[PDB]
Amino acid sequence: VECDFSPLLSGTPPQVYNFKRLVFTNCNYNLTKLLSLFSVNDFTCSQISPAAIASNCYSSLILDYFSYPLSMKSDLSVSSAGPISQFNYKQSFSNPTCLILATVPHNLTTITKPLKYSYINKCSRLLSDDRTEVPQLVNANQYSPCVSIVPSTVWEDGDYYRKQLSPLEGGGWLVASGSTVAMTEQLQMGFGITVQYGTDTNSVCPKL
């Protein structure tokens, strides 16, 4: 009973490509509670509405959170082919989803800011022919194949990473490039929610 949003408030929200995932089965949620802590700048959903997503009961609720600048709102879209959907963070298209942009006030102090905002602007493989470049696109509910070579925070805008592949891994190379956006006065975050409606298992309901 009562859904545990704890570890979100304590520490530093990771970068979009290292998004942390909170899973919710069998509990009650006050979400308008959670969204009353932050200052909320944008709320769009797919196959659901923000009104609806507070009200309904579900069999499964997934909350993904990360640091993310408001300046890059046009790239955090369900209908977007920017670097974010390509190489960083992709939601499922088969479940209803919501995307929240917020700003931690000052009043909230247990949430620490990192050096800067970072994201992956290139993730590709160079085949063993030394010619063919194949972008490695991120699949929903997964991390980029480049998170193994891209630091948790990018040191400088435009840095690039490489790693030669074993003949078993396919040969050729793995290659990535990181981008940065300057840290803001108040930290800015991104939230991605995904709901599953069950048959009989709708044990994730709001509370009253």
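Numbering starts at 1 and follows the sequence shown.
Remark: stretch with higher mean C-alpha B factor among 131-139 and 76-84 is 76-84. In this entry, the higher average B-factor at the C-alpha atoms falls on 191-199, of the pair 12-20 and 191-199. Across the options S71, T109, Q91, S124, the residue with the most elevated CA B-factor in the record is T109. Between the residues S177, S67, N30, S148, it is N30 that shows the highest Cα B-factor in the PDB record. Among the modelled residues of the chain, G171 sits in the middle third by CA temperature factor in this PDB entry. In the PDB entry, a CA B factor belonging to the highest third of its chain's modelled residues is recorded for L34.
When the CA B factors of the chain's modelled residues are split into thirds, the value for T44 lands in the middle one.
Looking at the C-alpha B-factors along this chain, the one for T153 belongs to the lowest third. Per the PDB record, residue ranking by Cα B-factor puts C57 in the highest third of the chain.
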